[PDB]
Amino acid sequence: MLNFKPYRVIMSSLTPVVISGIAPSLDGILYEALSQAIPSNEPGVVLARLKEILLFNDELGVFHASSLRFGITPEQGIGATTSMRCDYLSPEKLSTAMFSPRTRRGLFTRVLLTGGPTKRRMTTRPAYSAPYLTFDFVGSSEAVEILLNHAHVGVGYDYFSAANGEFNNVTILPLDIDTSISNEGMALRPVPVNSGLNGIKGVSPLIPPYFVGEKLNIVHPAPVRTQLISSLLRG
Amino acid sequence: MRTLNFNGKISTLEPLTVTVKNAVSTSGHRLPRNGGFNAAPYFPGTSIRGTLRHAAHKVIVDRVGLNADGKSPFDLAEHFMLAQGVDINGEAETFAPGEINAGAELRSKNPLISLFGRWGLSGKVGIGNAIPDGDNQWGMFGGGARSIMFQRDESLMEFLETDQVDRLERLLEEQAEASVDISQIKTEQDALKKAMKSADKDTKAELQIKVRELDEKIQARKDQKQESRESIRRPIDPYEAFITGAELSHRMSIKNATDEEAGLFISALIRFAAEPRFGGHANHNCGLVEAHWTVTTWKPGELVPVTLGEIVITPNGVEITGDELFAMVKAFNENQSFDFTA
Amino acid sequence: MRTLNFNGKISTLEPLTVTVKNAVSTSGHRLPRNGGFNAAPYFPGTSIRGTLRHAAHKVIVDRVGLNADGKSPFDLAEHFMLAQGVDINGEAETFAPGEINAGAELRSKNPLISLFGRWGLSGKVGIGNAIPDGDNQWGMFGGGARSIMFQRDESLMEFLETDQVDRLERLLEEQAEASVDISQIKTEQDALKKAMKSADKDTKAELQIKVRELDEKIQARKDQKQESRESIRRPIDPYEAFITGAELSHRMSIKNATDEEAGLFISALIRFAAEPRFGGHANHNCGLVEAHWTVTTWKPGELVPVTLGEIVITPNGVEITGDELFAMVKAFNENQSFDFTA
Amino acid sequence: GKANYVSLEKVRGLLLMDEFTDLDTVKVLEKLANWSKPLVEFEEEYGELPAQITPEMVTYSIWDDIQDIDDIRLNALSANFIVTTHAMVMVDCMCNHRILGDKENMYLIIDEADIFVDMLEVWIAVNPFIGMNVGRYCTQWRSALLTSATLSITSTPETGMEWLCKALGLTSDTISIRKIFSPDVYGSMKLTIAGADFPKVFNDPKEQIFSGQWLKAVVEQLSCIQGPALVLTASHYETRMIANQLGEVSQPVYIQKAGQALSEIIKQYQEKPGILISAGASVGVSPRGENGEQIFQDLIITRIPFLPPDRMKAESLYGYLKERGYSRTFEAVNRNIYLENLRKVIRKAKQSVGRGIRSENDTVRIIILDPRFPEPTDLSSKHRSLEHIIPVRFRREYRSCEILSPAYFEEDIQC
DNA sequence: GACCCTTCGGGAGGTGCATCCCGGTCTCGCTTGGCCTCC
DNA sequence: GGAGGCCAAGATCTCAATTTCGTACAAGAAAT
């Protein structure tokens, strides 16, 4: 319960952003941030508190929080990087000080790092490295600024583990028109199909967290969307 | 159950470098950039997270100690569960995927797994990238060359018999021959790179396959060398590292943390300060850091940070500040309920 | 096993200089820079680490014993593996990844390889870069100019026969004519290199060719100089060095150092103190340093490290103060179970 | 001070006698002998100011002290609302144990505390962290209130006031509050900033040479102004070069000579508003008219007043951190001092912008001719903090601004 | 026992010569059976 | 004598290429 204004938030991208198929929505970032602020893994309370700082579309069931849109400058644009998690089996990790390996003839059975359940996992994931990430939302600017600046939330995938999509210099600027759900009929967020907004068909829950609950048919924008930083700051 | 946000600065005592497959190309070793070569590099949060997970694993093993037999109680399966987080024996609590809050029993019984998750169980410790604050805080360090020891100092030739001064003469003649051959082979290779630039497409694929034949010829010339296999007078490629005394901003956070899990994290930080090394090139002492972390938490029921204390890691010592941090550390130390096992 | 951090200062007795292929360019000799052209130069940890590794190799050669007439009982492969970590034979036991206690037997039998590492074996010793203390403290030393000995003082010309005098005449006339021709060619070359700044990529190819051909013209013009290939009288480009008395903060670490390995390291510092030379330009006595290190060990899990002692290397001697440093040195000197052979 | 920084034993010098035939307001001569009271009311009585300037009354007790000066201190102390200078509050705590005794009768209110800190590091220096001292002083009183119009680097309290949290040594636990109060509707403001393309201010900064192209651009934009304006240059040297390059085509150009007094040019400017090029100056002043009105619709900040690099401070702080034992490189200390100087730059430019608006009806056109001021579109510019000079309530006008020499003003097809 | 009265102008370079060259690594992110020991 | 435990082969290939932060002013003292 609070007055809500249409704001656009633009953050300087520090890390490549792993997009999990559907573009990361600002409501999901805010739901992680409120899941931390009030420690809660229960979705209901975090959703309730998110409604206090973000506008929620009852007729659509979605938050007024547009999906990620990369802000590309004339110097740096959207780039194709690989977020690469590699297991590092250090000589200290492969030592008897930490564990008792199976022994034969006093020789310690070496770990098969090439293949098998004890291999060196080399997980490469497409990531997009653009200078800025911008979201549009209708909500309380102070609360969202506090969350985005002093909470451990990133954009994309596995920021809580891979620190992908770390951002800083969060700037919130007021908008004149609500471009959080819709823009000239083009969906700017995961919306239900019945909304009549045209986009890319997919299967996902509408409200965060986007990995729980029944995954229904939705229309979501292009996972990678780019705009000039000048056009984003035009407002 | 408080979300401890640690925000703070890592000052680089000795250059901070990391090798990443995408960042490193044939052009040379570069830090991850999140853009082009002009962008500001970042030390990945993955390397710091792995270092702190290894430190936490060392803390856990020391707290558990060894058996009466002098062997660690952890087997390969438990060791990989605590270090890498992946189940090797196929024996793990496969919680329902729709239950965000699952594993409370395992989270309580294993605080290491709680902080740093396993597969199928989300972790509670989120480590961030060490973001530099400046504009010119990185550079080409290391490199140099592997000078031949006997062409630099002649005192070292009074300790070799003639049968080895002739093996030295033979290895240097082999090195010079091989370097000349490899030089001309690389010259032909680059001319082929030029013909790929042309890409007239008549026989481009064959030009690529003959380039591959040429690399094989490089490996053949470099197997003909029967005294040495690699040229010892090697110019070492520099690696990109953050400059000495680089202020990198770091955000870490334990979400919904028990006093025991937070205490385990602080003990991992305390043990990590024994060898505060991030990243590689430890031969050049790279990775030595001193870092101060302001431990804040969220006020119950509001969006306000309250500062609980500071964790100042320095070569002079670890300065844990704040009574609640000490309470967390003592709570983790004193709890005789952890069973770091199946 | 203890983790020893030698934190200390390298004071400069004579300028400390090093030519790293990365740092230097056609603009002149520059010290390796701390990440940027307008940055404080640092003395690379690579040069210090190589000097200390060669000092430790000489320590080992002395400790085993110079038999025969001074020939050491080690082959060339062993000397290379001990001093540069390169195995020319390829018989070095490559530790396949996943090998538990990788090289623990080799580490126990070869303390030197354990300290300074090898390929596939992590070096316990990490020798950090020497960062200067305070602005300036670097300068363009060396320099000067070659002058013809016989044009400086005429007395030496009484030691030259007539034919040698006419030889000097021809040599100087040749030097003058070659200088004028080469200088005109170089004026064309630098005008061309000024045309680089108008950097149209399509032209750059034609300019690199049209400048490397003019440099081959320079080489051919020099090659027809019958008397002297190179001009004898020529200004020496100065080299960048840390000034005399410069204070360079140095950090060295030995991870999990046994008393034997740490004793080997302290003996390497002792023998290095005999010739405390770092870098090059040793013709101008560059590199002579006096360095003092405070050895601090850090038991993991302890909030503070304890000070084992202080190593002072000075022209008047080596002052190793501390019960634990002497213990390490005696233990290394008294352990007869080191195998440095293949 | 001491009355109007004067004495009482030797007032007889400026009594009636032939030495000076001031005459005019003869009464003052006989009343001032027993005018214990301070400087200000001297003006309220009369504007004449005879016997030439008498700034400190033809010298008085610069450090020689006066007799029965205590009575003025008592008149301050028993008086409820003590008004002093920052000078008295620091001499009290550095010079001698305590100049002015206090125990639950006194309450520091350090207004414009930003410059109370920025000058603190000049007294001797903050090389030994002298700041710590004054921090205990604020604690030692019942409560110290540090306020300023520029007591922030960012619009966020806890991120921007951390230079106060880090210089005086006062920390969140002992900090009563950390807040920024900005009005929303206070005045109006059109922003015009020089872009990246704009000619570089310094052809070579070290030896302080100003590039001629930038001079030509600055004079061009100055002459294009159609009304009275206030040009806040950074150095009196910049004041002199800009005055030299100007052809006085505009209404009278008033120049602040190196080491002059601003208020004389202020009252030179009230009689005939025009173009006033006054470097330094400011310190919380405004060329307001007589009844009070914005008499300069334009305010030209030629360059952000970037503080010179101070090797003395770098080497001193490195010395103190090397004797204290902190293992930080000299380059790290250079970066820290550079960041601190950048913060003081932002504060100074916030004062400069504050010189434009002083009333709710003021409408100021701020002209930034510096090519290093961050463009709205260039969010990755090095000096990204420097838009915090603009108040939050005009940040829309920062985002909707006129750029004189913008860059990359084309349309990129990879949108 | 009180001041005097503070000088000009010269004239400010010329050359020479700006090196040679090394020598640029291994890897590895998977599974399977064959062979070899061996509980 | 069936369980580990180490070691060699499986045919193919994608692609990308760099040149230097910030340059001052005040006002105001019961002093170190």
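Chains as they are written, first to last, in the deposited numbering: chain F, 1 to 235; chain A, 1 to 342; chain B, 1 to 342; chain M, 105 to 227, 333 to 624. The beta-carbon is built from N, C-alpha and C at its ideal position, and this holds for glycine as well.
Query                                                                                                                                                                                                        : Result
On a CA-only basis, which of A:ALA331, A:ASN38, A:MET1 is nearest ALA130 of chain F? Give me that one, please.                                                                                               : A:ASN38
What does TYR128 of chain F reach in chain M if we use C-beta pairs closer than 8 Å?                                                                                                                         : Those within 8 Å of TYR128 of chain F in chain M number zero; the least Cβ separation is about 14 Å.
Would you list, in sequence order, the uninterrupted alpha helix (DSSP H) runs of no fewer than 4 residues that lie entirely inside the region 151-176 of chain F?                                           : 159-162
Which bits of chain F does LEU588 of chain M rub up against, with CB to CB less than 9 Å?                                                                                                                    : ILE10, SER12, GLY71, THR73, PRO131, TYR132, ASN169, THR171, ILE229, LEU233
Identify which residue in B:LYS222, B:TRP138, B:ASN34, B:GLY70 has its Cα closest to the Cα of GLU247 of chain B.                                                                                            : B:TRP138
How big is the Cα-Cα spacing for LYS299 of chain A and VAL224 of chain F?                                                                                                                                    : 36 Å
Give me the residue from B:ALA77, B:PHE116, B:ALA23, B:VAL59 with the minimum Cα distance to residue 413 of chain A.                                                                                         : Because residue 413 of chain A is not part of the residues shown, which for chain A are 1 to 342, the question remains open.
Which of the three DSSP states is assigned to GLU310 of chain A in this structure?                                                                                                                           : strand
Could you check where the alpha helix (DSSP H) with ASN333 of chain B kicks off and where it finishes?                                                                                                       : 323-334
Between the C-alpha atoms of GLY65 of chain B and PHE74 of chain B, what's the straight-line distance to the nearest angstrom?                                                                               : 10 Å
Could you tell me which uninterrupted beta strand (DSSP E) segments, each at least 3 residues in length, are contained entirely in the region 371-428 of chain M, listed from first to last along the chain? : 397-402, 411-413
Which residue from F:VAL170, F:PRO192, F:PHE211, F:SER90 puts its Cα closest to that of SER47 of chain A?                                                                                                    : F:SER90
From A:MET81, A:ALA40, A:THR12, pick the residue whose C-alpha is nearest to that of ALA342 of chain A; which is it?                                                                                         : A:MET81
In chain order, what residues of the same chain lie with their CB nearer than 7 Å to the CB of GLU145 of chain F, ignoring the 5 residues before and after it?                                               : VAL170, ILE172
At 4 residues or longer, and completely inside the region 152-231 of chain A: list those alpha helix (DSSP H) runs for me, N to C.                                                                           : 162-198, 204-224
Is there a Cβ of chain F sitting closer than 8 Å to that of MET328 of chain A, yes or no?                                                                                                                    : no
Please report the distance separating the alpha-carbon of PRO235 of chain A from that of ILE148 of chain B.                                                                                                  : 35 Å
Report the partner residues of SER67 of chain F according to the DSSP bridge assignment.                                                                                                                     : F:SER25
For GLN84 of chain B, which option in B:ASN316, B:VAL20, B:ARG118, B:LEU31 has the closest C-alpha, if you only look at C-alpha atoms?                                                                       : B:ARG118
Are there 16 or more other CB atoms within 10 angstroms of the CB of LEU107 of chain F, so buried, or fewer, so exposed?                                                                                     : exposed
Grab me the residues of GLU596 of chain M's own chain with a C-beta within less than 7 Å of its C-beta, minus the 5 sequence neighbours each way, in chain order.                                            : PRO583, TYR607
Along the chain, where does the alpha helix (DSSP H) that runs through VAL193 of chain F open and close?                                                                                                     : Unbroken run through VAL193 of chain F: none, as it is neither H nor E.
Can you list, in chain order, the residues of its chain whose CB lies under 6 Å from that of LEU204 of chain M, leaving out five sequence neighbours each side?                                              : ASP196
Should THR118 of chain F be flagged as near chain A, meaning a C-beta pair shorter than 8 Å?                                                                                                                 : yes
Which class does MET149 of chain A belong to by DSSP, given the choice of helix, strand or coil?                                                                                                             : helix
By DSSP, does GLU123 of chain M sit in helix, in strand, or in coil?                                                                                                                                         : coil
Go ahead and label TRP167 of chain M buried or exposed: buried means 16 or more other beta carbons lie within 10 angstroms of its beta carbon, across all protein chains shown.                              : exposed
List the residues that DSSP assigns as beta-bridge partners of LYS5 of chain F.                                                                                                                              : F:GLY139
Between the C-alpha atoms of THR134 of chain F and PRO24 of chain F, what's the straight-line distance to the nearest angstrom?                                                                              : 11 Å
Going by C-alpha distance, which of A:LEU269, A:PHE159, A:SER155 is nearest residue 346 of chain B?                                                                                                          : Here chain B has residues from 1 to 342 only, and residue 346 of chain B is not among them.
Which residues mark the beginning and the end of the alpha helix (DSSP H) in which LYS531 of chain M is found?                                                                                               : 520-533
Whole angstroms are fine: how far does the CA of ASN283 of chain A sit from the CA of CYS610 of chain M?                                                                                                     : 53 Å
With DSSP collapsed to three states, give me the class of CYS433 of chain M.                                                                                                                                 : coil
Any beta carbon of chain A sitting closer than 8 Å to that of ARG544 of chain M?                                                                                                                             : yes
Mapping DSSP to helix, strand and coil, what is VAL111 of chain F?                                                                                                                                           : coil
By how many angstroms is the C-alpha of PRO111 of chain A removed from the C-alpha of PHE338 of chain A?                                                                                                     : 7 Å
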